[PDB]
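Chains, contacts and geometry: an overview
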Amino acid sequence: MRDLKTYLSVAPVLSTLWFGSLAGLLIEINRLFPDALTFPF
Amino acid sequence: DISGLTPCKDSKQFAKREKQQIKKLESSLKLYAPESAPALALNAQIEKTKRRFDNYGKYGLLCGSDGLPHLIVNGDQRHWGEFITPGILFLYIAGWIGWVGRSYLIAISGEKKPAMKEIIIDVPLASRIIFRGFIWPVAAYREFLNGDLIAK
Amino acid sequence: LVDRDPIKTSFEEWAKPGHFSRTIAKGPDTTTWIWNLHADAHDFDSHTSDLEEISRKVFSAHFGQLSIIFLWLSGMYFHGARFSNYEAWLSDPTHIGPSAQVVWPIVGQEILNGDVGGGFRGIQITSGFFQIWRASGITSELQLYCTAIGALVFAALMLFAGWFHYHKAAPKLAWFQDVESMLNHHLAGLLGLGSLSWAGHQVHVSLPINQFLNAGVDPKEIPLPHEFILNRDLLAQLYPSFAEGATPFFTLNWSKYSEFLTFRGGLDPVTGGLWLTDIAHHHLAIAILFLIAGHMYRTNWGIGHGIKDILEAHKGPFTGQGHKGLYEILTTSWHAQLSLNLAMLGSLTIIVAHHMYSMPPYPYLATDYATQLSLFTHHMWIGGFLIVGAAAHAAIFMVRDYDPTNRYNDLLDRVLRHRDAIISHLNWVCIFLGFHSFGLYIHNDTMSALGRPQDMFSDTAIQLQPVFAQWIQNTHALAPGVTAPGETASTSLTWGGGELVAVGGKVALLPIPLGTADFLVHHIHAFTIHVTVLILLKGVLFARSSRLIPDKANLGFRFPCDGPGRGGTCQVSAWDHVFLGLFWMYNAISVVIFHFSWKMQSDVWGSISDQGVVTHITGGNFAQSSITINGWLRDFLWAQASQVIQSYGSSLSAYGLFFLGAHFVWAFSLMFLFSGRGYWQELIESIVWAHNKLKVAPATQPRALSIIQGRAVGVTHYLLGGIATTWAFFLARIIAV
Amino acid sequence: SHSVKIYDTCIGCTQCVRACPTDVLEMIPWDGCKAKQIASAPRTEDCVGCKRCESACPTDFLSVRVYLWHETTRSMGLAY
Amino acid sequence: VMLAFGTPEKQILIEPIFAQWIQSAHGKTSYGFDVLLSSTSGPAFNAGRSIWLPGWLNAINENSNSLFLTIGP
Ligand code: CLA
Ligand code: CLA
Ligand code: CLA
Ligand SMILES: CC1=C(/C=C/C(C)=C/C=C/C(C)=C/C=C/C=C(C)/C=C/C=C(C)/C=C/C2=C(C)CCCC2(C)C)C(C)(C)CCC1
Ligand code: SF4
Ligand code: SF4
């Protein structure tokens, strides 16, 4: 549906999806590599 | 020994802090059976604490009189990993984000009602623009050289 | 009286924000459009002028509210079955702290999974759900899972009903205005039948299971609830009167049911709560009374009363025509009904908060101090907010729906013709109470500082005894045997009977003395309440006109000002009066909760020893230290905040973080309250200039927040910060000790 | 009394005189615009200063300006 | 937040390197930078070593007064 796809492009829904994916990625990254203080490579 | 600091691996206060944390963690373990899940969680926490302290010891950080690591940001090559490299990574990412935003704003400026494309995002156009920001430094530098970057 | 398919179900309106308004749907020229979209979301009266459509819209949203509440209940019941130590707590309620929340270990937050007993690690909860589940006869987790499933099903049903009664069959206006039938149904069926069903459940399930539990039997060896129904021998063994069946009820031999329907009064020594037989008898009597009350108003069968007929018959030589015309106002305006209901609900919530603490209805609730404190403060805050909303919507009705041409009422007309006297008298009362209540505190502080303790208002130098309240306490302590022959003990242990109940080595309840400090704090409460009432009533009464702005009704209910003329006209609308009264409501509720907390910690709660000596938490320092402001600052704020500021490194560090977070939020609100819009609009102009330089200027022109929006943001952040600070402090203090 | 001034950027749409809560402003004939009208302020002694006239001006910057000045019993809206 | 969870070693603590260097340039020997007036072989130290440097160095290297206090993160 075109009208359903239009509602998914509104600012709050897109922001929520983007930030949820971002937070998931950051949480997983910190889970894999915990307690990082310096860049060792 | 910059500013009278000492390495983490040679500091006694660092080991004292590690021992105190481990002893505090082990006290709560005696309240639970060894097979119980909280015992497994506490064992994992103790192992993580030991691993974190060993990793801090391995990376060549500097400890103060309180047994805490300190960060040198003056540009010494021996400590380029504390401030310099993450700073460059952050600058690259922030430039990517800013360039993508500016490109999207410029692209829709010629439309009849540009304010409508800001609250309802044109997803295909943004997606086509997103990948372009991976080479943002070159585009920004060449735009500056041609005099296009600054509005007249 | 329904309409078939009024509105088509489609996604078309989803893609066009602001469809409910003509102006908002035009498009976002500036950023004010986004803010205006949310502020007018639920103002159905502004969208359309048809009463039927507004009623239809109002009817559907309540279904969504009920569905949300059912989802919340489902989550609460499910978490107690999967992530809780309810079964372990059931075998030792006095030594195990209830917990129903666990945390994932990611960034070191697993320290919050503190030890609570029963071999469990989690966050200690203070909502009192464990006591409710125990009082209902719940033993295993399967029952909780079934309850969660049922709540989920009910939420789905409520959502479907909400969709149906708006998109498939919407009732007509004549259906909504049947107030007599609605009152009859909500009295006879919603309340009376519910009370009867709960009485039946308590009689058949809660009583035997709770008796078995109080006997000390292992919860896993107690027969299941259905075994007491199929096997009447078990109930007959527990209660011999059950062997006779329902014959005594139908022969009016009700005296046989005295074994499980009593009039004891007081508290159960084993658990520290009210007797469950008393609760069952109370619910039965209340069900009968509500069933009788639901047959008063007239319907299709002639017999009954007409509300209009009742109203039109009351008038006096001072009031003129009286209550004639009030029936038409209350059956045509949604705002007046909302205001009245909000006021009544807030008052009822405050009454419930006051009644729950002194008459513990759940087992092992009096000795759980954190739960008691949390429930008291929560219900008081809810009641205050509802009370403020009542006045807000009364002002809204006064501004919008008032029309003497077609909805004239004599009582409303007479009130508006002498508002000056009411306001002036209330002002004088507020000033007098403030002078003669707070002034006594400054006198005590000055005399103490100067070194003259003998010239203070205290129990040792100049007594101000609350002789009237002590007389009530004495009368209620002597009520059984004289004025209540059927009672065995008094209604509450706080009246001054002299008996003390101790459960698990802790003091549950005991008589509460009243002295000079209670006099001062009660008059402080009265002063604050009177000031809040003054502010709200002044806002409501002058909503349409005044001597300063004769045409205030034309400007609307929510407008910022009328210019710098007449010396200044800042905050003259009725909205600003609610904005100002919220602060005073916050002040009064904070003072009340501080009084409650200190008094209970100093004079009631404590521990008892083998010889029977009581050692309170703070050692009974309320009488001599609360008579000065320095005492409140030192012995209450400074002394009791050491628990929250020393919570770092333990399972209570979340409260320590929330303390500073709420400090920051409260301090952040003063930027919006102390400043104005022009400065921020002028500052934005410079920021926009550099964006134009780099071709990053948006087409949605940035605009500073409006005056009303700024005031709302300031008051919201202020209230949030203050309440969060008090919440963190209270929980951190009371959980540790 | 406050001071009210009119500038020749007027377009004569009569919006200021209709929003006046007292009788201060009025319209007079003029030449210089399409409407052939211009506002006037003959009764500034009744001005209260609420600045409703400036809220109704459609010109980019106001063709009617109110400058607050010495306060009297009329300009303060007192009915004691 | 690092202190709340019981791991004080995760803090971001940054030494004030430039101010300590300036302090060492005035003759303070508590950081081991050895620059200018802290270096006994520099022209600056040799120029004023017979007029005011002894008293100033005695006063600056005594840790009970408020002259150029030690600094940290
Ligand atoms: C049964 C309760 C009830 C009901 C049905 C209503 C219904 C209504 N009220 Mg109302 N009100 C109530 C109680 C109630 N009120 C109470 C108790 C108060 C006193 C505090 C008020 C004070 C009040 C005012 C002052 C006004 C109304 C108005 C209105 C009308 C428009 C509502 C609207 O647009 O809000 C839109 C709703 C919102 C914008 C949501 C507000 C968001 C809250 C405040 C912040 C929550 C913070 C949260 C925890 C943070 C998370 C954020 C998240 C995104 C991360 C509507 C008829 C308005 C009106 O009639 O104007 C003509 C109006 O001006 N009410
Ligand atoms: C991509 C959009 C964009 C770009 C390129 C800039 C660029 C700039 N801003 Mg800025 N700003 C933006 C959005 C943007 N802003 C938004 C949305 C806000 C409102 C929150 C602000 C608020 C703001 C203030 C208050 C100030 C600046 C300032 C500045 C200048 C100093 C550099 C800097 O880091 O400032 C700091 C930049 C920020 C703090 C902005 C926060 C980051 C935002 C949230 C990113 C959002 C991007 C957006 C979602 C794009 C979506 C792209 C998508 C459609 C593909 C610089 C020219 C400063 C200046 O020199 O004054 C002119 C200044 O004082 N900005
Ligand atoms: C505009 C921001 C700003 C301001 C006002 C100050 C102000 C101050 N700093 Mg300072 N500082 C800053 C940014 C800033 N700093 C940054 C970003 C760093 C990290 C490199 C430092 C590191 C730092 C140290 C180590 C010390 C100070 C100290 C001081 C104080 C003494 C004056 C001085 O030495 O100047 C210092 C001035 C600068 C370093 C100039 C920075 C301004 C540029 C424009 C910021 C741009 C950041 C840049 C993009 C990073 C690129 C790195 C990348 C290659 C990885 C003074 C209050 C001293 C003090 O008294 O502490 C107690 C001290 O010892 N600063
Ligand atoms: C908790 C919960 C839940 C559940 C609930 C339930 C389960 C309920 C039930 C309920 C019920 C189950 C009810 C019932 C009722 C009944 C009734 C109400 C009846 C009545 C009857 C009558 C009234 C009668 C009468 C009579 C007479 C008078 C005469 C003749 C004889 C007779 C007997 C007929 C859920 C899941 C939702 C979720 C949330 C929470
Ligand atoms: S003063 Fe303003 S409103 Fe009045 S005629 Fe001139 S432009 Fe129009
Ligand atoms: S400031 Fe007010 S009173 Fe004065 S002319 Fe304008 S509208 Fe009339």
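- What the entry reports as its method is cryo-EM, with 3.22 Å given for the resolution.

1. A closer look at the nonpolar core
All names here are of chain C.
- By size, the foremost hydrophobic cluster in this structure holds 79 residues, and its most contacted members are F557, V604, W605 and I734.
- Those residues within four positions of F557 in sequence are excluded, and the remaining contacts are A392, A395, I396, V399, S573, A574 and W575.
- Counting 16 residues, the second largest nonpolar core, distinct from the first, contains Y257, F260, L276 and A280.

2. A word on the UniProt feature "binding site: [4Fe-4S] cluster 2" in chain D
- The residues that UniProt annotates with the feature "binding site: [4Fe-4S] cluster 2" are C20, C47, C50 and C53 of chain D. Sequence-wise these annotated residues cover 34 residues; spatially they are packed, their C-alpha atoms never more than 11.1 Å apart.
- Among the secondary structure elements, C47 of chain D is positioned in the loop between strand 3 (37-40) and strand 4 (64-67).
- Classification of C47 of chain D by relative accessible area gives buried; the value is 8%.
- With sequence-adjacent residues up to four places away left out, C47 of chain D is seen in contact with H2, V4, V24, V66 and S75 of chain D.
- Take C50 of chain D: it is sitting in the loop between strand 3 and strand 4.
- In contact with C50 of chain D, not counting residues within four places along its chain, are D562, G563, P564, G565 and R566 of chain C together with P21 of chain D.

3. A short note on the state of the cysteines
- Counted under the stated rule, the structure contains zero disulfides over all chains.
- Here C53 of chain D stays unpaired: no disulfide links it, and the sulfur of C16 of chain D, its closest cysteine neighbor, is 6.7 Å away.

4. Concerning the site of ligand 4
Residue and element names in this part refer to chain C.
- Around ligand 4, the surrounding shell consists of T147, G150, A151, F154, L193 and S197.
- Against a free-state accessible area of 960 Å², the protein chains account for coverage of 29% of ligand 4.
- For the shell around ligand 4, the secondary-structure elements that each account for two or more residues are helix 6 (141-167) and helix 8 (179-214).
- Broken down by element, the shell around ligand 4 gets its largest block of residues, four residues, from helix 6.

5. Points about the pattern of salt bridges
- By the definition in use, this model includes 36 salt bridges over all chains.
- We note a salt bridge from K16 of chain C to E12 of chain C, for which the minimum N-O separation is 3.2 Å.
- Judged by relative accessible area, which is 28%, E12 of chain C ranks as partly exposed.
- Here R65 of chain D and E54 of chain D are joined by a salt bridge, their closest N and O atoms 3.1 Å apart. On the criterion of sequence distance, the pair formed by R65 of chain D in strand 4 and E54 of chain D in the loop between strand 3 and strand 4 is long-range, its members being eleven residues apart.
- Residues joined in a network through salt bridges with shared partners are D3, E52, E53, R56 and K172 of chain C.

6. Here's the deal with the sheet that holds strand 2 (residues 99-101) of chain C
All names here are of chain C.
- Taken together, the three strands give an open sheet; going across it, the order is 2-4-3, and neighbouring strands pair in antiparallel fashion. Both edges of this open sheet fall to strand 2 and strand 3 (114-115), since each of them pairs with a single strand only.
- As paired strands, strand 2 and strand 4 (residues 121-124) are joined by two bridges and run antiparallel to one another. If you follow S99 over to strand 4, its bridge partner there is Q124.

7. Re the packing of aromatic side chains
Residues and elements named next belong to chain C.
- Inspection of the entire model under this criterion finds 56 aromatic pairs over all chains.
- Taken together, a centroid distance of 6.1 Å and an interplanar angle of 55° make the contact between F594 and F730 tilted. Taken together, the positions of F594 in helix 21 (residues 574-603) and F730 in helix 28 (residues 707-736) put the pair 136 residues apart, joining distant regions of the chain.
- Since its relative accessible area comes to 7%, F730 is described here as buried.
- Joined through ring pairs, the aromatic side chains of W381, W575, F579, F583, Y586, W666 and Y718 make up one cluster.
- Directly above the ring of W275 sits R264, whose terminal nitrogen or CZ lies 3.8 Å from the centroid.

8. Thoughts on the UniProt feature "binding site: [4Fe-4S] cluster 1" in chain D
Residue and element names in this part refer to chain D.
- Here the UniProt feature "binding site: [4Fe-4S] cluster 1" sits at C10, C13, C16 and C57. These residues run over 48 residues, yet every pair of their C-alpha atoms falls within 10.8 Å of each other.
- By the element assignment, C13 lies in the loop between strand 1 (3-6) and helix 1 (15-18).
- Judged by relative accessible area, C13 falls into the partly exposed class, the value being 34%.
- Within the fold, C16 resides in helix 1.
- Using a relative accessible area of 11% as the deciding quantity, one classes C16 as buried.

9. Observations regarding the arrangement of the chains
- Where the seven pairs of chains in contact are concerned, the greatest contact count is recorded for chains B and C.
- Regarding chain A and chain D, which are not in contact, the minimum distance between any of their C-alpha atoms is 33 Å.
- There is no contact between chain D and chain E; across them, the least C-alpha separation is 51 Å.

10. Examining the site of ligand 2
- Taken together, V100, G101 and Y104 of chain B together with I687, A690, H691, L694 and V696 of chain C are the residues near ligand 2.
- The environment of ligand 2 is shared, with nearby residues belonging to chains B and C.
- Contributing elements (two or more residues each) for the shell around ligand 2: helix 3 (80-107) of chain B together with helix 27 (677-693) of chain C.
- Class assignment of the residues belonging to the shell around ligand 2 gives a composition of six nonpolar, two polar and no charged.

11. Topic: the pairing of strand 4 of chain C
Residues and elements named next belong to chain C.
- Bridge count between strand 3 and strand 4: two bridges; the pairing is antiparallel. Directly across from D115, in strand 4, lies its bridge partner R121.
- The hairpin formed by strand 3 and strand 4 contains five residues between the paired strands, and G117 there has a positive phi angle of roughly 100°.

What counts, and where the lines are drawn
Residues numbered from 1 in each chain as written, not as in the entry; some residues may be left out. Chains lettered and ligands numbered in written order. Part of a larger assembly, values for the part shown. Heavy atoms only, no water. Core = buried A, V, L, I, M, F, W, Y, C linked by side-chain atoms within 4.5 Å. Buried < 20%, exposed > 50% of the residue type's maximum accessible area, 1.4 Å probe, protein only. Contact = heavy atoms within 4.5 Å. UniProt positions renumbered as here; feature names shortened; annotations may be inferred. Helix = DSSP H or I, 4+ residues; strand = E, 2+ residues; numbered from the N terminus. Disulfide = S-S within 2.5 Å. Near = heavy atom within 4 Å. Areas by Shrake-Rupley, 256 points an atom, 1.4 Å probe, with all protein chains shown as cover. Salt bridge = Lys/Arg side-chain N within 4 Å of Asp/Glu carboxyl O. Pairing = 2+ DSSP bridges. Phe/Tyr/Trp six-rings, centres within 6.5 Å; stacked < 30°, edge-to-face > 60°. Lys NZ or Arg CZ within 6 Å of the ring centre and 35° of its normal. Nonpolar A, V, L, I, M, F, W, Y, C, P; charged D, E, K, R; others polar.

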